[PDB]
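What follows is a single structure, written as structure tokens, with notes after it.
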Amino acid sequence: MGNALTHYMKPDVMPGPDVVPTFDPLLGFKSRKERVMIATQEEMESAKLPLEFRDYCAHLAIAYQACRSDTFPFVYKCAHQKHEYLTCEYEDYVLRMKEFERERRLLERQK
Amino acid sequence: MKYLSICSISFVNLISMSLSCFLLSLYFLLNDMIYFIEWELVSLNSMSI
Amino acid sequence: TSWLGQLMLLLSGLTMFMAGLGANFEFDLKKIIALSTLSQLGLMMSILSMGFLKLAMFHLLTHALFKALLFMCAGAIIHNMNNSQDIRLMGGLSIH
Amino acid sequence: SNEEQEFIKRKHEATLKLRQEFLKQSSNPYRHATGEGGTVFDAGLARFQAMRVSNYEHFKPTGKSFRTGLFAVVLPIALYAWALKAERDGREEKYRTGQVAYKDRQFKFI
Amino acid sequence: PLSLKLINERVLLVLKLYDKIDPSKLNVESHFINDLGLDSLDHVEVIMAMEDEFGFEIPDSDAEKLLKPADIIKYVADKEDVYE
Amino acid sequence: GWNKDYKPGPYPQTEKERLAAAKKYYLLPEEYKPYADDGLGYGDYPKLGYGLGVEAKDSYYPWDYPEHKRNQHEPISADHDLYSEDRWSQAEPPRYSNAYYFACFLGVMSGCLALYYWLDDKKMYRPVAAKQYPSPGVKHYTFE
Amino acid sequence: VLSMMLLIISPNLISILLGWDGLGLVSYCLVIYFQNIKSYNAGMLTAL
Amino acid sequence: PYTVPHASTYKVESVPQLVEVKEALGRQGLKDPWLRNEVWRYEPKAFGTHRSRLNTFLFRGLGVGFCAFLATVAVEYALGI
Amino acid sequence: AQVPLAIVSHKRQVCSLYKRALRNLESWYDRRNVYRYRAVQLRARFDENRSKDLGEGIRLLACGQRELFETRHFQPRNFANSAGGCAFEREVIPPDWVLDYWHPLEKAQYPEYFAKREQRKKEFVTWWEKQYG
Amino acid sequence: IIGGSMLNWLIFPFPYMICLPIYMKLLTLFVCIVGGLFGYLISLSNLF
Amino acid sequence: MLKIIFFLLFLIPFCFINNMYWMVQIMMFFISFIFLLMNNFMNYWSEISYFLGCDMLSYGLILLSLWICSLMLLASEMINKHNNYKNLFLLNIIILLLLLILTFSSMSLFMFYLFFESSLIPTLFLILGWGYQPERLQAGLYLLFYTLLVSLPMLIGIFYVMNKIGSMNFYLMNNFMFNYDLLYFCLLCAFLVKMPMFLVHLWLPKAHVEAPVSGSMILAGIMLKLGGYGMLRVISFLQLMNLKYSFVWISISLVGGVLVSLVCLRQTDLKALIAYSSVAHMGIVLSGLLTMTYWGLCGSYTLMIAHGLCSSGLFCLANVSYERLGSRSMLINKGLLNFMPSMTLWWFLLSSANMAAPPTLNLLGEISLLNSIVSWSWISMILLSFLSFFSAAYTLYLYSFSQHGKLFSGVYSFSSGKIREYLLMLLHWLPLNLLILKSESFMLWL
Amino acid sequence: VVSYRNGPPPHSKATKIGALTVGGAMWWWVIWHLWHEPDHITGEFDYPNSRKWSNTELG
């Protein structure tokens, strides 16, 4: 049970799965910064990145592909750099783990 | 096949083919490259078996 | 994202449950290992019903390795127990 | 019952005589040494063959046979022909009326 | 590879491991009912003992046609195809 | 020695024809039992065992033919294909009836389909938002 | 194994049908390799 | 069946797992003649026990694996560290 | 060459029921000591019951057959080399007359064996003339 | 033995990132532990 | 053409010379090689000599006729070992092959009809002369009276077409179109009997069994294809009326394919089961012919070509067990893997060709036929799956029960396999996998 | 070989050496990956509590 079960009991309290931010992004008055891409579209499509992996930090994935192709097939030689790409995803996950949560707070303040 | 084991012949042949296919598979992961060859049999109604 | 994927996911998880219960109640060696093959098929078809080709392919290669290893083990044990595939007759093979 | 044991004993004597005939005829060295292939003459095999081939001589048009020939053959043929004609007429009136577009019709053979 | 002496040793070993049979009275030609005191279900226990010992299945007609240990030796040697 | 010589004949209306047909098929008179007088039913051929197949018959009996489990000059059953050892035969009689097996299988299937498709819109989820993908028209923000 | 490679390297549905029929037929034959009615019934089941 | 033994070798009282069944049958008031046919089946020398077989099976190469792991650690600190 | 007779006695019926009951008990209880304990329990169950009459014995034999049909294991243990086992008749031996249809150059690979076969053929034809001739 | 780490570095050009709580990451390990301690000792048989 | 016809006409005096049985099949394979050389054909009629010409459908059918007759002389060595009438057998085979070449290379409908119904008299002669059964009289009379009873009113239909049009040529009759029920029934029902239906089949399983091996080759190899060729020539000017009345024949053929595929599971003869097996595949051919698509016509031509080889090759396999085991019964034919292990390669290679097989031309004919029938209606997906499943449910039964299991006890000593038989079943299977290469030859006759 | 009511014939040195070698190989692989990568069994990345974050930053 858990996060689905409360969605059966209190649907107006708990937001749905993979919910977009319904309210204003500037409602919390942080004036929070804008995520700016380092790698643009043409070198994203030059590296044959799939559409499910074109995140806000795809330059680290491009550098991971470059270091994998630099020491192929023994790609563990810069294995920690993989973790670097991984922790960027973790940072994005942390942002997602905030982007849901304050939304529930934004759905609690109106309740 | 005479004076020899057909199992040993098949064993050495399939280790050689498996090593060749493995070394081909490592080259096809470095480039993310897909090949698709096509041999026509019969064409009718713009559809080719 | 299809009703085909939903139905295939249900039937793949159901054959996982079927294979686990059947191999827990099966008294034949090679039939237990064929039920283990069924359980791994349920695992791969349910993870591709989620939609993960690389996970399905990785578990496919892994299952092929260890399951050919199990069947070679079972064949050697059956060939020394003289064609008796019943798991009740076999016993204590760790010493022998 | 005492009548059962006599019947089983008589059947066993007949089976023993037929078994002795089979052991005489199956290992015949002269019949093997002729070189022409064949089988030991079994009556039940020929009875089974003529049972499987000839069956019109015991056939009469009764109600049970008519029910079997209706529900086994003619009724699936009639239902399948009715279904095919109904589906093709329903598609053909839509095709001839003009309710389907040119680029939205199934089986263009393209 | 087996032998008649080995199979005879198998049969007398299994029949002398039975506590309802005295090993002094036990013999290769000893009858299972007239010479030795055995129940109708005791001979079935002897038959399944020979089945578990020799690793095959003995039918019921061949169970009731065995009355001596030498008959069991002749039945086993005919099934497993040894005569020397 | 052909199919016209050895063949099933007319139905035994009288008892002497039944005795002659029993002696013709190498069967004792008590064992012989012809078919019905309906349109499909055979005439003069014996009705053999339709209880259970060839696997039910004794494999430890010394047969003249170990394959098909029959002796010499024994009348082959009319549905010998359907009651063969290969198809639709059991060595032991089944423990349950025919409908119990299918009833339990479709009962478990109906329960599993029902309980799955009731819960198809109660999938769980982590405390996570939608996956943000970059677009030239819509921009997204970080938390720092 | 050759029929299995003919199934793997094929993206065409007709050639997957080629490898499919090859896998089914040689799998049925290798099941019925042993000469008894159990292998007969097993081959009939794995063929259908 | 080479060098078959006699019935005087097999004794019920040597093994615990069969004299437990004999004691349970004596408590129930029954006797059994086929215990001496299964004395060889439980042998502590030829076949071992349950606890020795588990330690043989689960930890067959744990000491050799730990020695090789110490060797890998010792050669890794000389080069990697 | 004693062909078995199809009549089965009542003592043969209860002996077959005892054998099949202990085989089902061996299938249900895999450990040998537990199977031995339950086998002595079933033997005592038979031995307390053997003093009755014939009609009551027939009715209770039918009841025991119904009980054994009720408690029958779904995977009964059978010997592999016997009939009905897991590996019964895995190879089929053709009769020896196909050895008479070999090529003479193929027959030259085992000339002592084929000479002994040709010697044994005359003994077999005199034995067949003695037996069935 | 080597086909786990030999293919995990090869079949994944982009590794999946896992951020899970303490009761779900080792949940499959705890289920494997209770299945190992459950599927063995239940099959142990004693008298009575 | 006239070269092949005059080649067979001057091969006629080879029969009257003593000890000349094996030279005739040598010259028949030589003229099959020459016919392999003359392959400059397109969809229209080429090599026009008087009333004789050839297009691609006619080329494939004459080449199949020459291959089946050349293997038919190779299969019948039982006629040569005995003093059975070799000269009459060779004359009947040459005359029948000449009539098949003349009825396939016919430019017009009437000469096609004339040599088409001239062909059934040598088949009658082979069935009543060289068979090994007391019911050869029941075999030939059923065949002749079925085909004659339904083919006599086709002559009235043929001259009604001649009186309405004027010509007999196929191309000039392709221009016209008729809207009559009885003309359609006359010009269709003779071919609807000549290829097996469900209702009209009876002559087939009672004429294949009691014939010789050569009657089995000529019946299941090329004379179930005379009706297919006739319908391929007649359907072009009867399109409107066959579109009205084709659902009855297609439904009857599909349900009859399912039912006859259920019959073969209850068959105890090897030669009867292939006889009913010819009914099931030609049911798919008949169901794909009446949809009038490009794919249905092309896949029908491909499946008739690929079926005339495989059914004849299966009928040679049932003959080489009938010559040795003494009977065609399926109970006797058991465990031939331990008797003839090298034959079991050809049994499974020709039984797999009867179903869908990976390298055979039968799959390329079956794929292009199921395309048209699924395109015809969606309800046919229920019964094409049942028919194509039951086809290998029964076809694996003949190989499984004849070539696997315990041996039949009480069988006397017979001879081993021969190089002629291995060559005979070699040439029934290597054309089935060498013709997927250059398959645009044997498929695109349009 | 055949054995009756006894153990097997005594094993060669090669089988015992191979058994200890493959057991040492498996356990060396397990303990080596335990020492070099202990983070894979647990959470490789930390999971902070969603109820721990302050409401004064966004809310």
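We name chains A, B, ... following the order of the structure tokens; residues begin at 1 in each chain, and ligands are numbered from 1 as shown.
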
Pick out the residues sitting within 8 Å of residue G:46, and hand them over as a VMD selection string; count only C-alpha atoms, and ignore anything fewer than 4 positions along from it in its own chain. chain G and resid 24 27 to 28 42

Keeping N, CA and C atoms, export the residues of the selection given above as a CSV table (one decimal), in the first residue's frame.
```csv
chain,number,residue,atom,x,y,z
G,24,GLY,N,11.1,-24.7,-34.3
G,24,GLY,CA,10.1,-25.6,-33.9
G,24,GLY,C,10.3,-27.0,-34.5
G,27,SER,N,13.5,-28.6,-32.9
G,27,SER,CA,13.3,-28.8,-31.4
G,27,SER,C,12.3,-30.0,-31.2
G,28,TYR,N,11.3,-30.2,-32.1
G,28,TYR,CA,10.5,-31.4,-32.1
G,28,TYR,C,11.3,-32.6,-32.4
G,42,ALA,N,5.7,-35.8,-25.8
G,42,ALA,CA,6.4,-34.6,-25.6
G,42,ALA,C,6.7,-33.8,-26.9
```

Find the residues around residue D:20 up to 12 Å (only C-alpha atoms counted), leave out those fewer than 3 positions away in its own chain, and share them as a list in words.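 In the requested form, the answer reads residues 13, 14, 15, 16, 17, 23, 24, 25, 26 and 27 of chain D; 63, 64, 71, 72 and 73 of chain F; 1, 3, 131 and 132 of chain I.
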
Dump C-alpha atoms for the selected residues as an mmCIF file, in the first residue's frame?
```
data_model
loop_
_atom_site.group_PDB
_atom_site.id
_atom_site.type_symbol
_atom_site.label_atom_id
_atom_site.label_comp_id
_atom_site.auth_asym_id
_atom_site.auth_seq_id
_atom_site.Cartn_x
_atom_site.Cartn_y
_atom_site.Cartn_z
ATOM 1 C CA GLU D 13 -6.414 -71.257 -23.523
ATOM 2 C CA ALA D 14 -7.409 -69.474 -26.753
ATOM 3 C CA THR D 15 -4.762 -66.798 -26.091
ATOM 4 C CA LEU D 16 -2.166 -69.534 -25.478
ATOM 5 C CA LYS D 17 -3.036 -71.227 -28.790
ATOM 6 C CA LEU D 23 5.761 -67.869 -31.954
ATOM 7 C CA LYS D 24 5.655 -70.480 -34.722
ATOM 8 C CA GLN D 25 5.061 -67.980 -37.535
ATOM 9 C CA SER D 26 7.076 -64.948 -36.371
ATOM 10 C CA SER D 27 10.451 -66.728 -36.160
ATOM 11 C CA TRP F 63 2.135 -59.539 -25.477
ATOM 12 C CA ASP F 64 2.624 -60.943 -28.950
ATOM 13 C CA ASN F 71 -1.971 -60.443 -29.174
ATOM 14 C CA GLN F 72 -2.186 -62.196 -32.535
ATOM 15 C CA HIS F 73 -5.674 -62.527 -34.113
ATOM 16 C CA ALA I 1 7.086 -70.047 -20.384
ATOM 17 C CA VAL I 3 1.862 -66.896 -19.211
ATOM 18 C CA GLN I 131 10.517 -77.057 -31.673
ATOM 19 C CA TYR I 132 7.795 -76.125 -34.179
#
```

So that each row is one residue of chain J with an atom at most 10 Å from chain C, can you give its shortest atom pair and the distance in Å to one decimal, using only C-alpha atoms, rows by chain and rising number, as a Markdown table?
```
| residue | atom | partner | partner_atom | distance |
| --- | --- | --- | --- | --- |
| J:1 | CA | C:66 | CA | 9.0 |
| J:3 | CA | C:62 | CA | 7.0 |
| J:4 | CA | C:62 | CA | 7.2 |
| J:7 | CA | C:58 | CA | 7.5 |
| J:8 | CA | C:58 | CA | 7.9 |
| J:10 | CA | C:58 | CA | 10.0 |
| J:11 | CA | C:54 | CA | 6.9 |
| J:12 | CA | C:54 | CA | 7.4 |
| J:39 | CA | C:24 | CA | 8.4 |
```

Sort by chain and increasing residue number a table of all residues of chain A within 10 Å of chain F, each with its closest pair of atoms and their distance in Å to one decimal, counting only C-alpha atoms, and write it as JSON lines.
```
{"residue": "A:1", "atom": "CA", "partner": "F:124", "partner_atom": "CA", "distance": 7.7}
{"residue": "A:2", "atom": "CA", "partner": "F:124", "partner_atom": "CA", "distance": 7.4}
{"residue": "A:3", "atom": "CA", "partner": "F:124", "partner_atom": "CA", "distance": 5.8}
{"residue": "A:4", "atom": "CA", "partner": "F:124", "partner_atom": "CA", "distance": 4.5}
{"residue": "A:5", "atom": "CA", "partner": "F:122", "partner_atom": "CA", "distance": 7.4}
{"residue": "A:6", "atom": "CA", "partner": "F:124", "partner_atom": "CA", "distance": 10.0}
{"residue": "A:7", "atom": "CA", "partner": "F:122", "partner_atom": "CA", "distance": 7.9}
{"residue": "A:8", "atom": "CA", "partner": "F:122", "partner_atom": "CA", "distance": 7.6}
{"residue": "A:14", "atom": "CA", "partner": "F:127", "partner_atom": "CA", "distance": 10.0}
{"residue": "A:15", "atom": "CA", "partner": "F:127", "partner_atom": "CA", "distance": 9.3}
{"residue": "A:16", "atom": "CA", "partner": "F:125", "partner_atom": "CA", "distance": 8.4}
{"residue": "A:17", "atom": "CA", "partner": "F:125", "partner_atom": "CA", "distance": 5.7}
{"residue": "A:18", "atom": "CA", "partner": "F:130", "partner_atom": "CA", "distance": 4.2}
{"residue": "A:19", "atom": "CA", "partner": "F:129", "partner_atom": "CA", "distance": 5.3}
{"residue": "A:20", "atom": "CA", "partner": "F:130", "partner_atom": "CA", "distance": 5.4}
{"residue": "A:21", "atom": "CA", "partner": "F:129", "partner_atom": "CA", "distance": 7.8}
{"residue": "A:25", "atom": "CA", "partner": "F:141", "partner_atom": "CA", "distance": 8.0}
{"residue": "A:26", "atom": "CA", "partner": "F:141", "partner_atom": "CA", "distance": 9.7}
{"residue": "A:30", "atom": "CA", "partner": "F:143", "partner_atom": "CA", "distance": 8.5}
{"residue": "A:31", "atom": "CA", "partner": "F:141", "partner_atom": "CA", "distance": 9.4}
{"residue": "A:32", "atom": "CA", "partner": "F:143", "partner_atom": "CA", "distance": 5.9}
{"residue": "A:33", "atom": "CA", "partner": "F:142", "partner_atom": "CA", "distance": 5.7}
{"residue": "A:34", "atom": "CA", "partner": "F:141", "partner_atom": "CA", "distance": 4.4}
{"residue": "A:35", "atom": "CA", "partner": "F:141", "partner_atom": "CA", "distance": 5.5}
{"residue": "A:36", "atom": "CA", "partner": "F:141", "partner_atom": "CA", "distance": 9.0}
{"residue": "A:37", "atom": "CA", "partner": "F:134", "partner_atom": "CA", "distance": 8.5}
{"residue": "A:51", "atom": "CA", "partner": "F:133", "partner_atom": "CA", "distance": 9.4}
{"residue": "A:52", "atom": "CA", "partner": "F:133", "partner_atom": "CA", "distance": 9.0}
{"residue": "A:53", "atom": "CA", "partner": "F:133", "partner_atom": "CA", "distance": 9.3}
{"residue": "A:54", "atom": "CA", "partner": "F:133", "partner_atom": "CA", "distance": 7.3}
{"residue": "A:55", "atom": "CA", "partner": "F:133", "partner_atom": "CA", "distance": 6.0}
{"residue": "A:56", "atom": "CA", "partner": "F:134", "partner_atom": "CA", "distance": 6.8}
{"residue": "A:92", "atom": "CA", "partner": "F:142", "partner_atom": "CA", "distance": 9.0}
{"residue": "A:93", "atom": "CA", "partner": "F:128", "partner_atom": "CA", "distance": 7.6}
{"residue": "A:94", "atom": "CA", "partner": "F:128", "partner_atom": "CA", "distance": 8.7}
{"residue": "A:95", "atom": "CA", "partner": "F:143", "partner_atom": "CA", "distance": 6.9}
{"residue": "A:96", "atom": "CA", "partner": "F:129", "partner_atom": "CA", "distance": 5.2}
{"residue": "A:97", "atom": "CA", "partner": "F:128", "partner_atom": "CA", "distance": 4.8}
{"residue": "A:98", "atom": "CA", "partner": "F:128", "partner_atom": "CA", "distance": 7.6}
{"residue": "A:99", "atom": "CA", "partner": "F:129", "partner_atom": "CA", "distance": 5.7}
{"residue": "A:100", "atom": "CA", "partner": "F:129", "partner_atom": "CA", "distance": 4.6}
{"residue": "A:101", "atom": "CA", "partner": "F:127", "partner_atom": "CA", "distance": 6.8}
{"residue": "A:103", "atom": "CA", "partner": "F:129", "partner_atom": "CA", "distance": 9.0}
{"residue": "A:104", "atom": "CA", "partner": "F:127", "partner_atom": "CA", "distance": 9.8}
```

Would you write out those residues with C-alpha atoms, as a PDB file, in the first residue's frame?
```pdb
ATOM      1  CA  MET A   1       0.000   0.000   0.000  1.00  0.00           C
ATOM      2  CA  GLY A   2       1.160   3.531   0.761  1.00  0.00           C
ATOM      3  CA  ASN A   3       1.269   6.421  -1.712  1.00  0.00           C
ATOM      4  CA  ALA A   4      -1.385   4.842  -3.928  1.00  0.00           C
ATOM      5  CA  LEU A   5      -3.629   4.019  -0.945  1.00  0.00           C
ATOM      6  CA  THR A   6      -3.856   7.620   0.294  1.00  0.00           C
ATOM      7  CA  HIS A   7      -4.709   8.542  -3.312  1.00  0.00           C
ATOM      8  CA  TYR A   8      -7.788   6.341  -2.839  1.00  0.00           C
ATOM      9  CA  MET A  14      -2.076  13.718  -2.106  1.00  0.00           C
ATOM     10  CA  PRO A  15      -1.142  14.585  -5.716  1.00  0.00           C
ATOM     11  CA  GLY A  16      -1.260  12.044  -8.524  1.00  0.00           C
ATOM     12  CA  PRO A  17       1.557  10.041 -10.121  1.00  0.00           C
ATOM     13  CA  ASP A  18       4.116  12.068 -12.140  1.00  0.00           C
ATOM     14  CA  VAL A  19       2.153  15.274 -11.599  1.00  0.00           C
ATOM     15  CA  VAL A  20       3.241  18.522 -13.266  1.00  0.00           C
ATOM     16  CA  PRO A  21       3.393  21.689 -11.095  1.00  0.00           C
ATOM     17  CA  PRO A  25       6.419  28.478 -10.267  1.00  0.00           C
ATOM     18  CA  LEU A  26       7.017  31.932  -8.737  1.00  0.00           C
ATOM     19  CA  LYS A  30      12.160  32.468  -4.211  1.00  0.00           C
ATOM     20  CA  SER A  31      12.970  34.053  -7.597  1.00  0.00           C
ATOM     21  CA  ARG A  32      14.714  30.734  -8.179  1.00  0.00           C
ATOM     22  CA  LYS A  33      17.370  30.330 -10.850  1.00  0.00           C
ATOM     23  CA  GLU A  34      16.871  28.965 -14.360  1.00  0.00           C
ATOM     24  CA  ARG A  35      18.485  25.711 -15.472  1.00  0.00           C
ATOM     25  CA  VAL A  36      20.686  26.492 -18.482  1.00  0.00           C
ATOM     26  CA  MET A  37      21.875  23.753 -20.825  1.00  0.00           C
ATOM     27  CA  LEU A  51      15.299  10.878 -26.349  1.00  0.00           C
ATOM     28  CA  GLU A  52      14.825   9.417 -22.857  1.00  0.00           C
ATOM     29  CA  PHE A  53      18.340  10.552 -21.848  1.00  0.00           C
ATOM     30  CA  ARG A  54      18.326  14.155 -23.154  1.00  0.00           C
ATOM     31  CA  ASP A  55      18.151  15.638 -19.667  1.00  0.00           C
ATOM     32  CA  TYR A  56      19.376  19.012 -18.404  1.00  0.00           C
ATOM     33  CA  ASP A  92      17.806  16.042 -10.837  1.00  0.00           C
ATOM     34  CA  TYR A  93      15.964  13.394  -8.818  1.00  0.00           C
ATOM     35  CA  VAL A  94      16.449  15.568  -5.720  1.00  0.00           C
ATOM     36  CA  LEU A  95      14.864  18.453  -7.638  1.00  0.00           C
ATOM     37  CA  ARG A  96      12.031  16.125  -8.634  1.00  0.00           C
ATOM     38  CA  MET A  97      11.811  14.948  -5.025  1.00  0.00           C
ATOM     39  CA  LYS A  98      11.304  18.587  -4.098  1.00  0.00           C
ATOM     40  CA  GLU A  99       9.042  19.470  -7.043  1.00  0.00           C
ATOM     41  CA  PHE A 100       6.410  16.979  -5.930  1.00  0.00           C
ATOM     42  CA  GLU A 101       6.772  17.683  -2.220  1.00  0.00           C
ATOM     43  CA  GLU A 103       3.391  20.992  -4.471  1.00  0.00           C
ATOM     44  CA  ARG A 104       1.732  18.880  -1.773  1.00  0.00           C
TER      45      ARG A 104
END
```

Wanna dump the chain B-chain J contacts at 10 Å for me, each residue with its shortest atom pair and the distance in Å to one decimal, counting only C-alpha atoms, ordered by chain and number, as JSON lines?
```
{"residue": "B:26", "atom": "CA", "partner": "J:10", "partner_atom": "CA", "distance": 8.3}
{"residue": "B:29", "atom": "CA", "partner": "J:10", "partner_atom": "CA", "distance": 7.7}
{"residue": "B:30", "atom": "CA", "partner": "J:10", "partner_atom": "CA", "distance": 9.5}
{"residue": "B:32", "atom": "CA", "partner": "J:13", "partner_atom": "CA", "distance": 9.6}
```

Separation of atom CA of residue K:154 and atom CA of residue K:187, in Å? 5.1 Å

Closest-contact table, chain D side, partner chain B, 10 Å, counting only C-alpha atoms, as CSV:
```
residue,atom,partner,partner_atom,distance
D:108,CA,B:45,CA,9.5
D:109,CA,B:45,CA,6.3
D:110,CA,B:45,CA,6.0
```

Tell me, counting only C-alpha atoms, for each residue of chain L within 10 Å of chain J, which pair of atoms is nearest and how far apart they are in Å to one decimal, in rows ordered by chain and increasing number, as a tab-separated table.
```
residue	atom	partner	partner_atom	distance
L:22	CA	J:1	CA	9.9
L:25	CA	J:1	CA	8.7
L:26	CA	J:1	CA	7.2
L:29	CA	J:1	CA	8.4
L:40	CA	J:25	CA	9.4
L:41	CA	J:26	CA	6.9
L:42	CA	J:25	CA	6.2
L:43	CA	J:25	CA	6.1
L:44	CA	J:18	CA	7.3
L:45	CA	J:19	CA	5.8
L:46	CA	J:19	CA	6.9
L:47	CA	J:21	CA	5.5
L:48	CA	J:21	CA	8.3
L:49	CA	J:21	CA	9.1
```

Please identify all residues of chain D having at least one atom at most 7 Å from any atom of chain I, considering only C-alpha atoms, and return them as a ChimeraX atom specification. /D:5,8,24,29

Residues of chain J within 10 Å of chain H, counting only C-alpha atoms, as a PyMOL selection string: chain J and resi 46-48

Next, write the just-selected residues to a file, as an mmCIF file, in the first residue's frame, keeping C-alpha atoms as the atom set.
```
data_model
loop_
_atom_site.group_PDB
_atom_site.id
_atom_site.type_symbol
_atom_site.label_atom_id
_atom_site.label_comp_id
_atom_site.auth_asym_id
_atom_site.auth_seq_id
_atom_site.Cartn_x
_atom_site.Cartn_y
_atom_site.Cartn_z
ATOM 1 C CA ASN J 46 11.624 -34.955 11.903
ATOM 2 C CA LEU J 47 9.441 -37.564 13.579
ATOM 3 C CA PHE J 48 5.851 -36.913 14.767
#
```

Could you please tell me, as a ChimeraX atom specification, which residues of chain K have an atom within 8 Å of chain I when using only C-alpha atoms? /K:338-339,406-407,413,415-416

Using only C-alpha atoms, which protein or nucleic acid residues come within 9 Å of residue A:85? Drop anything in the same chain fewer than 4 positions from it, and give the result as an mmCIF file with N, CA, C and O atoms, in the first residue's frame.
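Final output, around_4.cif:
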```cif
data_model
loop_
_atom_site.group_PDB
_atom_site.id
_atom_site.type_symbol
_atom_site.label_atom_id
_atom_site.label_comp_id
_atom_site.auth_asym_id
_atom_site.auth_seq_id
_atom_site.Cartn_x
_atom_site.Cartn_y
_atom_site.Cartn_z
ATOM 1 N N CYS A 57 21.455 17.827 -17.859
ATOM 2 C CA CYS A 57 22.900 17.620 -17.939
ATOM 3 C C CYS A 57 23.151 16.398 -18.821
ATOM 4 O O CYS A 57 23.300 15.274 -18.335
ATOM 5 N N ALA A 58 23.193 16.631 -20.132
ATOM 6 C CA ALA A 58 23.619 15.627 -21.094
ATOM 7 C C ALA A 58 25.078 15.787 -21.494
ATOM 8 O O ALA A 58 25.616 14.911 -22.180
ATOM 9 N N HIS A 59 25.721 16.884 -21.084
ATOM 10 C CA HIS A 59 27.144 17.068 -21.348
ATOM 11 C C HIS A 59 27.993 16.089 -20.550
ATOM 12 O O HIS A 59 29.032 15.630 -21.039
ATOM 13 N N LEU A 60 27.563 15.752 -19.330
ATOM 14 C CA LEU A 60 28.258 14.732 -18.553
ATOM 15 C C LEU A 60 28.093 13.349 -19.169
ATOM 16 O O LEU A 60 29.032 12.547 -19.140
ATOM 17 N N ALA A 61 26.924 13.062 -19.752
ATOM 18 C CA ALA A 61 26.744 11.815 -20.491
ATOM 19 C C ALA A 61 27.579 11.788 -21.766
ATOM 20 O O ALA A 61 28.078 10.726 -22.154
ATOM 21 N N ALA A 63 30.512 13.377 -22.111
ATOM 22 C CA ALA A 63 31.870 13.135 -21.627
ATOM 23 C C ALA A 63 32.065 11.693 -21.168
ATOM 24 O O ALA A 63 33.159 11.136 -21.332
ATOM 25 N N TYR A 64 31.022 11.073 -20.606
ATOM 26 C CA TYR A 64 31.091 9.659 -20.248
ATOM 27 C C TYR A 64 31.190 8.776 -21.487
ATOM 28 O O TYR A 64 31.928 7.786 -21.484
ATOM 29 N N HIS A 80 34.503 6.334 -11.903
ATOM 30 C CA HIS A 80 33.989 7.367 -11.007
ATOM 31 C C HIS A 80 33.293 8.488 -11.769
ATOM 32 O O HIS A 80 32.328 9.071 -11.255
ATOM 33 N N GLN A 81 33.734 8.762 -13.008
ATOM 34 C CA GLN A 81 33.068 9.760 -13.839
ATOM 35 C C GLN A 81 31.650 9.336 -14.193
ATOM 36 O O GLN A 81 30.770 10.200 -14.315
ATOM 37 N N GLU A 89 22.100 12.989 -12.249
ATOM 38 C CA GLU A 89 20.750 12.443 -12.285
ATOM 39 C C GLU A 89 20.148 12.431 -10.892
ATOM 40 O O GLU A 89 18.980 12.813 -10.716
ATOM 41 N N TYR A 90 20.981 12.111 -9.885
ATOM 42 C CA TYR A 90 20.536 12.127 -8.498
ATOM 43 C C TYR A 90 20.145 13.532 -8.080
ATOM 44 O O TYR A 90 19.089 13.719 -7.457
ATOM 45 N N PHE J 14 24.481 4.188 -20.695
ATOM 46 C CA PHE J 14 23.988 5.182 -19.744
ATOM 47 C C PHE J 14 23.361 4.442 -18.573
ATOM 48 O O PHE J 14 22.272 3.850 -18.734
ATOM 49 N N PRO J 15 23.998 4.428 -17.404
ATOM 50 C CA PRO J 15 23.471 3.638 -16.287
ATOM 51 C C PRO J 15 22.240 4.272 -15.663
ATOM 52 O O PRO J 15 22.079 5.495 -15.641
#
```

Select from stretch 1-57 of chain L everything DSSP, run on the backbone, classes as alpha helix (DSSP H), then give the selection as an MDAnalysis selection string. chainID L and resid 13:36
